[PDB]
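Chemist: Whatever this is, show me its structure:
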Amino acid sequence: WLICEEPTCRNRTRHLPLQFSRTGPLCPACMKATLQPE
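Modeler: Numbers count the residues shown, from 1 in each chain. For reference, the structure is listed below:
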């Protein structure tokens, strides 16, 4: 899941310019962990 938060979940912030995959059924609450680094 560390590979999820930093590289792939930062690319889910590239979904945030669109914001329909805000909910996103892939990983349990893993975009806020990317902000523990950002």
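
Chemist: mind listing what's buried in stretch 12-30?
Modeler: Buried positions in stretch 12-30, judged by neighbour count with 16 or more other Cβ atoms under 10 Å: 12, 30. C-beta coordinates here come from the backbone N, C-alpha and C atoms, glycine included.

Chemist: Alpha carbons of it, in CSV - could you do that?
Modeler: In CSV, the C-alpha atoms belonging to stretch 12-30 read as follows (Å, rounded to 0.1, in the frame of the first residue of the first chain):
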residue,chain,number,x,y,z
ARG,A,12,-5.6,9.9,-8.1
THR,A,13,-5.1,13.6,-7.2
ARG,A,14,-4.8,13.9,-11.1
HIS,A,15,-8.5,12.6,-10.9
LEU,A,16,-9.2,15.6,-8.5
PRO,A,17,-9.0,18.2,-11.5
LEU,A,18,-12.1,16.1,-12.8
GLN,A,19,-13.6,15.0,-9.3
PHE,A,20,-16.1,12.2,-10.4
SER,A,21,-13.7,9.4,-8.9
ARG,A,22,-13.6,11.3,-5.5
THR,A,23,-15.1,8.2,-3.7
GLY,A,24,-13.0,5.8,-6.0
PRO,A,25,-13.7,2.0,-5.0
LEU,A,26,-10.0,0.8,-5.1
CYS,A,27,-8.2,1.2,-1.6
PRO,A,28,-9.6,2.0,2.0
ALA,A,29,-8.9,5.8,2.8
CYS,A,30,-5.4,5.9,1.0
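
Chemist: what does it contact?
Modeler: 1, 4-5, 9, 31, 34 (Cβ atoms under 8 Å, 6 or more residues apart in numbering).

Chemist: So which of the residues you listed sit within helices?
Modeler: Counting by DSSP state H, the part of these found in helices is 9, 31, 34.

Chemist: Now a PyMOL select for only the buried ones of those.
Modeler: The PyMOL selection below is limited to those of the ones in helices among the contacts of stretch 12-30 classed as buried (16+ other Cβ under 10 Å):
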select buried, resi 9+31+34
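
Chemist: Can you lay out the ones in helices among the contacts of stretch 12-30 as a markdown table showing distance to residue 19?
Modeler: Shown next, in a markdown table, are the ones in helices among the contacts of stretch 12-30 (distance: Cβ to Cβ, whole Å):
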| residue | distance to residue 19 |
| --- | --- |
| 9 | 15 |
| 31 | 12 |
| 34 | 16 |
